[PDB]
C-alpha cells in the first residue's frame, strides 16, 4: 500500500518518465528511457510513463491500478488525452497499459495488448526488467510513429 500510495501521491515523473518503485531498472536504462520518451513527447505530444511495482495490496489487477494512476495524474480529458501509463508488476510478471483516447488510438489495440501479453510478461519472467520495459517503450513508440512493428520478445 505505501508503494501504491506513493506512486499515486508523487504525481507523474515529468522529467524522468519512470517510477521504478520495484527498483529493477538500472541508471543507464532509465537514462535511455528518458531520452527515448522525451523525444516521443517533443515530436508527437504523446506522454508515455512507465511504472514498476513489486505487488498490489488490493485484489485489484494491473489494469485497475493503471487506470487509477491515469485518473490521478491527469484528472481531466484535456490533461490525459495524450498520456499513456504502463504498469509492470514484477512479482507477478504482469503488465497493463491504459491512457487517453488519442494515445490509445495512436498505438492501436493490436500492439497495446501484444506489448502487454508479450514483452512485459515474457521478459520479466526471465528477470530482464530493463529489456522488458525498454522494448515495450520502443514498440509503443514504433506504433505511435506508424513505423513497422518490431514484434515481441
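Numbering follows the first chain given and starts at 1.
The stretch with the higher mean CA B factor, choosing between 108-116 and 24-32, is 108-116. Of the two stretches examined, 41-49 and 60-68, the record assigns the greater average C-alpha temperature factor to 60-68.
When all modelled residues of the chain are sorted by CA temperature factor, residue 99 is found within the middle third. When all modelled residues of the chain are sorted by CA temperature factor, residue 124 is found within the highest third.
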